[PDB]
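Next up: the same protein chain in two forms, each one alone, written as structure tokens (structure 1, then structure 2).
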Structure 1
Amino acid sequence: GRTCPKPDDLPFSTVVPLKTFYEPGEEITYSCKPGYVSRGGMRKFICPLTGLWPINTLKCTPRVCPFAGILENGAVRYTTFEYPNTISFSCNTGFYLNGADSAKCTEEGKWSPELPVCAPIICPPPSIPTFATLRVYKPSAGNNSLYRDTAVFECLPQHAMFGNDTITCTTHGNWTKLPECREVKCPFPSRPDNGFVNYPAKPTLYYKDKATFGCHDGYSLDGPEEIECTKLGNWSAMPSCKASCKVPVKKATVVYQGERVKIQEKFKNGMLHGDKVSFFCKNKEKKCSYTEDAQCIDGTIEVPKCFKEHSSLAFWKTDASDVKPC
């Protein structure tokens, strides 16, 4: 033969000068592409008189960047550390990435942008809001605090806290929002009719100050015995003394709080304001018993009209409460 044909294309290389045929004596050069290297450098060949290119031992492989699989206190994502490839980084809880979160292996076999390290998230000591004291706080990293650490505030006596009392060290190295500590006063509480109120003897009453109520005999509170001044400047509650009821019949079996009682027994000293019971009424038609409710309301309770109280003298008839349910 008289010319060499087009040279073969090796995998990650280029041939210069690339023609489709060569005269004997012409030279070509194989070079590995940028980012690749091969054993033995580049290969030059001269087209021989036979027109047959010789054997080519060129095997181009990617440069490998230095090992980068271990990020202290974090995690690298990689297939392999070869020239085309990029790796990415993240940090374990409590740490942040000091540097870029990915890097590439360059043509020159170096990492760019250059590998990061993980560092602990820290916060400076928190500031104390302007009427508050620092209840719980201990630094965990020199003078500073670590991520998810907390501090707890306590307002000064007679001051009410608006907002959560605990702050946390966040990822941004600042704390969550601080609370405020305002002074709050309450009016004096009303003495209730047929009762009395008690509260500390001082010219003015503040947040968390407490007042207690009582009722004269024949009356009970319709609210809580103790109340306190809330953060909003009013009182926890304001109960009255409501009137009890004389028991409204002499002998009857009633439902009280889901269970049968003898009303003359359970309520021998009257019924308190609010007490509900259920009286037993006789459905004369179907010969069975049903109940209907009745409540003591400030000294009044109204017995259902269907209720018939048999004097125990008339023992020849049966109480509605002894008749089978409907």
Structure 2
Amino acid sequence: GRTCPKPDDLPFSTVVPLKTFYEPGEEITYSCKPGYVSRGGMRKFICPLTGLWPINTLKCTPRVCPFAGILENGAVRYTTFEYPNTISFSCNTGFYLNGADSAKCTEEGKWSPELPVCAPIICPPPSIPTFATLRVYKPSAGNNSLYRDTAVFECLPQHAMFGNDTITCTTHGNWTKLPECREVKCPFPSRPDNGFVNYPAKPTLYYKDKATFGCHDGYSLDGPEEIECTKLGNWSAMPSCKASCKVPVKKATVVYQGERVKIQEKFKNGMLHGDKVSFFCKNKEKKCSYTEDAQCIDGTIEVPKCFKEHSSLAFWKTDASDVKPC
């Protein structure tokens, strides 16, 4: 008689018992859903004779977990520290996340799992490779070293290193690949024909030992004057002495290294092996000049056939050097 209606549904709460109508004298209890609280706690109400439920002061509000916006040496992604939500973590470079990467604020107003910490990445003292020595290494964290620190070895004399010489601290707390130092010796160098070779005094020549070369008065070197033991047991290079050329004409203007020179004065003491010049030849049809090349190879140089060196006396004839380019 003059029943009460179904109670109002209010945010984040439950009503018990939930019926569609109530007799006067029946009781209902409002509770905030788990994870929410409210000033004054529950509300109980009794359906009165009027059939009208009283006013409901229920204030259902999500719990809040402790402030968690500051992760020393790292970064929290968050919207709000309220009951439904989760937050996630990362760390600045040189640091790792010691703990879980995300946390959740639970019904009990607690973070689970517990908030993490960023710790500095460190690598243990590095092992020294066989036949090596630490040239530079200073640990920045007691006996250990921090991220991106480096150390480098050098081998002992007569030993050749394979792979980069420095190692650095990875983000995973280990070091990069280590060098290998082996012993390497090469054979003796060959003395060159018409030349000499000098190298130090000992039964066996090892890595980065240096031998130097020379040539007699009419010959010059084919390669570098100095050579050394490479890491693979042979030599930098193995040069020979080749024969210079006599200048093949009496008077002619040629291109040596992009500039016109007079071959008789530029090579007054001979053309060296490998010296290349370009002679001037006359296209008759087009009344002009063009150039063909000639190179001194082991005492032999071959002037192009088209070339005609005019007599000193015959002044009328004009050298291809003086005729306009084609």
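The term rigid core refers to the maximal set of C-alpha atoms that superpose within 1.5 Å between the two forms. All residue numbers here follow the sequence of structure 1, with the first residue given the number 1.
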{"query": "Core-superposed comparison between structures 1 and 2 - Cα displaced by 2 angstroms or more, from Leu272, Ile46, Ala68, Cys288", "finding": "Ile46"}
{"query": "Large Cα shift (2 Å or above) at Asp298 between structures 1 and 2, core-fitted", "finding": "no"}
{"query": "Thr318 C-alpha shift between structures 1 and 2 of 2 Å or more, rigid core reference", "finding": "no"}
{"query": "Per-residue CA shift, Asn174 (Å; core superposed between structures 1 and 2)", "finding": "1.2"}
{"query": "Shift in Å of the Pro7 Cα between structures 1 and 2 [rigid core superposition]", "finding": "2.4"}
{"query": "Cα shift between structures 1 and 2 at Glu114, which is computed once both forms share a superposed rigid core (Å)", "finding": "0.8"}
